[PDB]
Amino acid sequence: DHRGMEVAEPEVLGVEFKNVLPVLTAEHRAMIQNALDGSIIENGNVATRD
Amino acid sequence: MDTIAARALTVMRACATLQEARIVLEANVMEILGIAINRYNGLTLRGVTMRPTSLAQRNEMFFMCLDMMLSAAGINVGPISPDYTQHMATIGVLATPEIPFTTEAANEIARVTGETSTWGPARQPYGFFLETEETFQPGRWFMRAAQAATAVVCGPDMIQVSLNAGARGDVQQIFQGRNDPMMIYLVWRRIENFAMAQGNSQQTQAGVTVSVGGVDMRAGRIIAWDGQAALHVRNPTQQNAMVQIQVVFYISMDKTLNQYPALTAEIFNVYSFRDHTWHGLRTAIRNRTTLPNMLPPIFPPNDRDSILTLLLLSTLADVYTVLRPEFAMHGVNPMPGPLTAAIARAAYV
Amino acid sequence: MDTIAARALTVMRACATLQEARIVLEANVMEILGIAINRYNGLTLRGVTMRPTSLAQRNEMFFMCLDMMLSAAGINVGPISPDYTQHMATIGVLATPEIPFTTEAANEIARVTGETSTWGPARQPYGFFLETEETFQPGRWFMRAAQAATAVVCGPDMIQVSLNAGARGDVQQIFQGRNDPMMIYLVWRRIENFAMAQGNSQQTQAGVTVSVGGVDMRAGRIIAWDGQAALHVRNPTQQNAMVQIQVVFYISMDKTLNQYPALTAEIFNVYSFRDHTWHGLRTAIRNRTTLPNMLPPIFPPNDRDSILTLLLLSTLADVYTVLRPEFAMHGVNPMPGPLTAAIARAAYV
Amino acid sequence: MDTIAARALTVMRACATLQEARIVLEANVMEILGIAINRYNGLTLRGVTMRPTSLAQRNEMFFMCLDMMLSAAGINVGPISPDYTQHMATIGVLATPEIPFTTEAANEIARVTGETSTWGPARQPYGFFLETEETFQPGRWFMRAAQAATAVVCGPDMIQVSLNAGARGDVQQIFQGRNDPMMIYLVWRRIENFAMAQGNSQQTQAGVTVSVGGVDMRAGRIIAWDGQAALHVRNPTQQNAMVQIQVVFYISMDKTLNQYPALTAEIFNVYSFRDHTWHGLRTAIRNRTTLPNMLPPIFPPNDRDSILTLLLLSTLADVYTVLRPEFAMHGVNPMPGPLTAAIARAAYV
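Chains as they are written, first to last, in the deposited numbering: chain B, 152 to 201; chain T, 1 to 349; chain G, 1 to 349; chain R, 1 to 349.
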């Protein structure tokens, strides 16, 4: 759960980026973070769903 | 009261962002709507949702905006609908400091309140001599009995002065008494070929001169006249002469449509049709105001309330557009679906 | 975008396979609708079934195709039905390389985009001199003042030259200035028995000649005239002579109905009636387009969008047929009767 | 029922893919073909091979397609060959929902049944005034006794109106009563030079006006006339006048050759010769129909069964081509010598 939206945990995506994180510029870090909590669960707030 | 209006505006604008259902909202929005809606539903006892879908949900929300729109404008519409009912308490919701308002909304009101409460110079809309009863043929000589110089109106923004050879005189008084200008912008010309009392073509010889407050001015150039200086014309020529002095435009301390940014486009929006529902609503609302219920006022309003009301209503209009509300008002018989220019025309009584 | 259309097409085409309830489908269909319906129902949140049976299910499916058809065409119909509501999200599903598209569908779009983007030579539909204001009686002599040879129109694809005994001259300029042909195919004949200024029968002696660009051509044979060459007629005969030159057909770069395979039949299908619901639907759809809402265009379209739209609609038409959907439409009133040629006639305004 | 046709169709088009298969590409097809052939061979007791090679095997497969094609068309040809016998059971084979059909076949049928069951606007093929018993000379004056304006037919798509100086009148009634048009497309011109009752040339002065339903129209331009609006011609000129009005094309709800994509080409394919065996077969089949046994119908059919039958035959035709079937046929005598346009011409009675 994040800001009224249900998003996917970075684990269900398709990437190994943990390696990179430590060398990131405050800027780059931020960008990526948004991309992460960017990918949402489309339908999200619906319940029922399936 | 500025604050109240600002909020009511902010809220409506926010609801306008709900174009679709599953879309992500701008953080700022959710924050506002939340506090607002809850507090509203609190003092209202209504069931507004932050994410409407049904219709009845949308109606409820629209009703909310409407409730606020009216309250902010201080309008009591009365029993106009079997579906909608105005809750006077809405005002208390707009007065709660907890509900914020955008910077946009703040500045917006500050502008309205600002200009409305004071005056300023503005390019007036119509010709200077528009409110004239008598007008003369342009280019036709005319000398009033016993006068050597005879100035007279020949159009809404036109005057011509008939001069006898060797004659001269002040003209200003033809302008004075009308309106209350601050600066009249003139441009005079010589009527090179004009009609004589009998009908014969007469020439105006080069050499005639017009001077304001003593200083001589060129023809075909714009002159900043204060309306009080001496408007003196001289005909040193050995023939009759006729000159046309034109009020290209003037400025007064009256309110024009340029008092507030794109006020025009807003007014258009309010007065636009959309459908019988919107129409009848917008109408019935203005019936509580000094504004024409369905036709753009000839003259631009000048009081806070009017300007405000227009803006609010204009916005509530857009809200109506996105929300697609559906309900009835007493005396409104809606034709659904395919609307045509024709059907619209007919709607304006 | 081509891809998007190809998909939307492929899907509809596959939905057209559902003529019955229990029947087994070709694996290809299952694969297509399987993926499609999944991602569709996914972002749509509607309940489409591979195997519809009820009606409500059939409607839902038809709406799906309709959604895609509109989205592929880039149309925003607006509130046209209380039962159907267009989903803009549909486009997002088509842009998704997830859903496949048949090879046929691929080439179909590839052709549309192909020709629609460039030009080419095509046999024009009507007579060359169709846009003429003045026409002369065929076979009747007519010699303009001071001329020895006088060519003039006598039909939509007909001209006749009046030659005095021993006269000769160029004719080309009668054709020029009209349209922009690339090649005009002619065939000249001798007006063996024509009327004279007074009404008496006159013979055209065998010996008159017509040479293009210098070379002499036979009568009754087709001629590839470049519209620029020297169209010269000679009358070495000792009598008056009149000859008719015929524009059997010409070619220009204007788009005909043969720009894309069986475009005609499609257009017929789209414009056909079926029933009120279909009719008004098809109409209401084209109301968003440059196409005549219910009557075949006089002139064949020439832009991608138009052709495309027709194709999609035509397919969507067939889908409508197999699905037998039933739903409301603003302003449309269905007559339950079995439907006759007459009832259909009436429907077209 | 249509489903049955789709099936049969699918089968044939599929059989027409074994010119040499060597691992088919279309898995779809195979699945179906196998299924079908098994079902067929089961109820038939015949031995159709997946990969025919002999001739007897090829004939067998052909006979199958024939059986299905006939069953799909609802045709019982009877004893027309000592080698082939029609199995009515074939219908029971296509009735099984076990058998799938291509998306192609599905759509192909959906189109046929679709349009064939309803009506639609279409450009008619021949001139408007084609079914007229009497015609007049073009350009020649003619004024019926007591009338000041006399309209008359001068061609299959041409009329001319004789107006006396200062005369006027409605013309529409000349068109009415003929056919049942929905929209007629006109283009009127002035007959600049025409023959008089005696034979002398006469000029039509510029100023003649043709107005439809009240509005005045230009000459040489196309006009959308609904057939009911007032077609009025006025002669404000001080001389006689003759104007020609042309039906460039009209549209009605009568089925044309464009009711179904490339129907034309298909028909050609059916009515084409190939060889004696095919010829007599194709004939013998159509003898059970309402369609001409060996000469293209003058009028395009309008019923499902018609169109369908043609399609099935057109396809079965190709199947015949690829398979090279060889068998006897009552009343047919094969001439094996290479075959020429001459030998073919003869075969058509």
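For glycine and all other residues, C-beta sits at the position ideal for the given N, C-alpha and C.
Can you tell me whether residue i is helix, strand or coil according to DSSP?
| i | result |
| --- | --- |
| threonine 96 of chain R | coil |
| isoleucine 298 of chain T | coil |
| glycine 169 of chain T | strand |
| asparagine 107 of chain T | helix |
| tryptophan 225 of chain G | strand |
| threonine 44 of chain G | helix |
| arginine 282 of chain T | helix |
| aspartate 318 of chain G | helix |
| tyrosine 185 of chain R | strand |
| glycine 34 of chain G | helix |
| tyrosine 250 of chain R | strand |
| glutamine 57 of chain G | helix |
Could you work out which residue in the options is closest to residue i when comparing CA atoms only?
| i | options | result |
| --- | --- | --- |
| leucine 172 of chain B | B:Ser190, B:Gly165, B:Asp201 and B:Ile183 | B:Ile183 |
| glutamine 203 of chain G | G:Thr237, G:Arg178 and G:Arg304 | G:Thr237 |
| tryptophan 225 of chain R | R:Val210, R:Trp119, R:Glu115 and R:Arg144 | R:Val210 |
| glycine 207 of chain R | R:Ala8, R:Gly114 and R:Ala165 | R:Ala165 |
| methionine 61 of chain R | R:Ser252, R:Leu18 and R:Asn235 | R:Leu18 |
| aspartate 305 of chain G | G:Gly114, G:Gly227, G:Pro125 and G:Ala344 | G:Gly114 |
| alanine 344 of chain T | T:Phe63, T:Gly42 and T:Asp275 | T:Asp275 |
| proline 261 of chain T | T:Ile307, T:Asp318, T:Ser201 and T:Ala328 | T:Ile307 |
| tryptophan 119 of chain T | T:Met329, T:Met253, T:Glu134 and T:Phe142 | T:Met253 |
| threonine 49 of chain T | T:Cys15, T:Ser81, T:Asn76 and T:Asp67 | T:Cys15 |
| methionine 1 of chain R | R:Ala106, R:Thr85 and R:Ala27 | R:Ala106 |
| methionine 158 of chain T | T:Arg168, T:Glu131 and T:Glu20 | T:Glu131 |
| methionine 329 of chain T | T:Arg286, T:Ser117, T:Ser162 and T:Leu281 | T:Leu281 |
| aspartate 83 of chain R | R:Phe327, R:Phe273, R:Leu186 and R:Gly127 | R:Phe327 |
| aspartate 67 of chain T | T:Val233, T:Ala5 and T:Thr321 | T:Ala5 |
| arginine 178 of chain R | R:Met143, R:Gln205, R:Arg218 and R:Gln228 | R:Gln228 |
| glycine 74 of chain T | T:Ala8, T:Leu163, T:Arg168 and T:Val152 | T:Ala8 |
Buried or exposed: residue i, going by 16 or more other Cβ atoms within 10 Å of its Cβ?
| i | result |
| --- | --- |
| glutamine 160 of chain G | buried |
| residue 409 of chain R | For residue 409 of chain R there is no data in the structure shown, the boundaries of chain R being 1 and 349. |
| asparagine 333 of chain R | exposed |
| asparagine 240 of chain R | buried |
| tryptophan 278 of chain G | buried |
| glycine 214 of chain T | exposed |
| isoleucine 23 of chain T | exposed |
| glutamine 259 of chain T | buried |
| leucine 295 of chain T | exposed |
| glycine 155 of chain R | buried |
Going along chain B in order, which residues have a C-beta closer than 7 Å to the C-beta of residue i?
| i | result |
| --- | --- |
| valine 48 of chain T | Chain B residues near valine 48 of chain T: none, gap ~17 Å exceeds 7 Å. |
So which residues of chain R does residue i contact, with C-beta pairs closer than 8 Å?
| i | result |
| --- | --- |
| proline 296 of chain G | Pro121, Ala122, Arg123 and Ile251 |
Starting from residue i, find everything on chain R with Cβ-Cβ shorter than 9 Å and list it in chain order.
| i | result |
| --- | --- |
| residue 379 of chain G | With chain G represented from 1 up to 349, any question about residue 379 of chain G goes unanswered, as that position is not in the structure. |
| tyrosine 271 of chain G | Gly120, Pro121 and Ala122 |
| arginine 345 of chain G | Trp119, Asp180, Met182 and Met253 |
| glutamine 19 of chain G | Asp2, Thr3, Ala6, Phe101, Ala106, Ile109 and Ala110 |
| residue 416 of chain G | Because chain G is modelled from 1 through 349, residue 416 of chain G falls outside the range shown and cannot be assessed. |
So which residues on chain B does residue i lean against when the C-beta distance must stay under 8 Å?
| i | result |
| --- | --- |
| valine 24 of chain T | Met156 and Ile191 |
| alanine 27 of chain T | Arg154 |
Along chain B, in chain order, which residues have C-beta atoms closer than 9 Å to that of residue i?
| i | result |
| --- | --- |
| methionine 30 of chain T | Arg154 and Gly155 |
In chain T, which residues lie with their C-beta within 9 Å of the C-beta of residue i?
| i | result |
| --- | --- |
| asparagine 170 of chain B | In chain order: nothing, as chain T lies at least about 30 Å away. |
| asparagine 194 of chain B | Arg22 |
Residues of chain R with CB closer than 7 Å to the CB of residue i, please, in chain order.
| i | result |
| --- | --- |
| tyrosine 260 of chain G | Within chain R, no residue comes near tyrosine 260 of chain G; the closest Cβ sits about 11 Å away, beyond 7 Å. |
Next on the checklist: Closer than 9 Å between beta carbons: that is the criterion. Which residues of the segment 63 to 82 of chain G meet it against chain T?
Outcome noted: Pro79, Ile80, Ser81 and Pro82
Item to check | Selection of the segment 318 to 343 of chain T by Cβ proximity to chain G, strictly under 8 Å | outcome: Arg324, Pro336, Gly337 and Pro338
Next on the checklist: Please list, in chain order, the residues of the segment 170 to 191 of chain G that have any C-beta partner in chain R closer than 7 Å.
Outcome noted: none
Next on the checklist: To be precise: take each residue of the segment 141 to 152 of chain G, compare its Cβ to all Cβ atoms of chain R, and keep it if any distance is under 9 Å. Which residues remain?
Outcome noted: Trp141, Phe142 and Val152
Checklist entry - Listed in chain order, which residues of the segment 206 to 222 of chain R have Cβ atoms closer than 9 Å to some Cβ of chain G? => result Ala206, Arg218, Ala219, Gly220, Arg221 and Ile222
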